[PDB]
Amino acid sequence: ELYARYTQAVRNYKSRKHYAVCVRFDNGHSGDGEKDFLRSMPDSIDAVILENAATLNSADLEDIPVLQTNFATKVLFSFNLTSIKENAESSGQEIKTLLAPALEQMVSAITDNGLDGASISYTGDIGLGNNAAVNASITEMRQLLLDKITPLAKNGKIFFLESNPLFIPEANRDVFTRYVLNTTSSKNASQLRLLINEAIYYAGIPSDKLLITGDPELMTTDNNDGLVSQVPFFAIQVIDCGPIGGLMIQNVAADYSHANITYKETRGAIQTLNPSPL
C-alpha cells in the first residue's frame, strides 16, 4: 500500500535529526466540528501536549494510539504546576498536600492511558531570591516533582519544562528533554535573541534542547519593522536566532481553520524548518 509507505516515511522523518514542532491542544471538547479531535493533528508534528489530560474521553483514547503507531507522534500530559502552588496558597495548605496527589494522578494518567510523558508549566518564583522561607518551599516543591518524574524519565518518558530553566538545578537538567521559553510576548527578534542567549550561555541549556513558543493568533515585528504572525516568523527565528531545537505552538486549535488545508501555519512552520526533499 502507498499509505503504509507514507506512514513509514513520516516515522522515518521523525527519527532523523530535525527541528521539532510541538503543539498545545485544547482537547476533550465536543459540539464543535473536526477541530475537537486529536485525529485532526497534522501527521508531521513531533508532539501534542494535551491541555486537559487528567481524565480522557473516548475520542482521545481512540486517537492517541493511532497518532503514536502510525506517525510516531508523541502525546504528553500538561501539568500546571503554577495552579497547584496557587491553590495551596489561597487555601493555606502546604504545597506537598495538593502536589503529591496531583503527581500520582499524572503518573497514573501517563501509565494507564499510554502517554509519552508530560510538559510541566511553572510561572511562579523559582527560589533564586533572598527569602529563606520562600526558598525552602520552592526547593521542596521542586524536589517532589523530580522524585515523581525521574523514574518515568528512565523509562523513556519525555518531559518538557515550560518555565525558566534556572528553576532546575544543574544536577537535574538531564531529566527534561526540552526547555521551553515563553516568547509569546516578545516583540521582535532582538528580544528573542536576548532570551535564547540567556538560556544557553548563562543558564547553560544546550541549544538543541531549547524551544521557543508562538501563538497562531498573535503578531510580532519583523526585521523590516512590519507586522507579521508569530508562528511563521518565530519558525524562521528558531534558526536565525542561533539554531536552537525547535518551536512550540501554544493554542494550536486556533490554527485549525483556513481556506483549504487545516493547521496551515503549523504545517508551514514544519516545511520552513525541515523542507521536504521532494
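Counting begins at 1, following the sequence as shown.
Per the PDB record, of the two stretches 52 to 60 and 245 to 253, 52 to 60 carries the greater mean B-factor over its C-alpha atoms.
Across the two stretches, 71 to 79 and 119 to 127, the PDB entry reports the greater mean Cα temperature factor for 119 to 127. Comparing the C-alpha B-factors of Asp26, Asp240, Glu217, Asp46 in the entry, the top value falls on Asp240. Taking only the listed residues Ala171, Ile149, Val180, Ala109, the entry reports the highest CA temperature factor at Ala171. Among all modelled residues in this chain, the alpha-carbon of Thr7 has a temperature factor (C-alpha) in the middle third.
In the deposited entry, the Cα temperature factor of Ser276 places it in the highest third of its chain's modelled residues. Sort the chain's modelled residues by C-alpha temperature factor and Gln230 lands in the middle third, per the entry. Annotation for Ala20: CA B-factor lies in the middle third of the chain's modelled residues.
The deposited CA B-factor of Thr262 belongs to the middle third of values across its chain.
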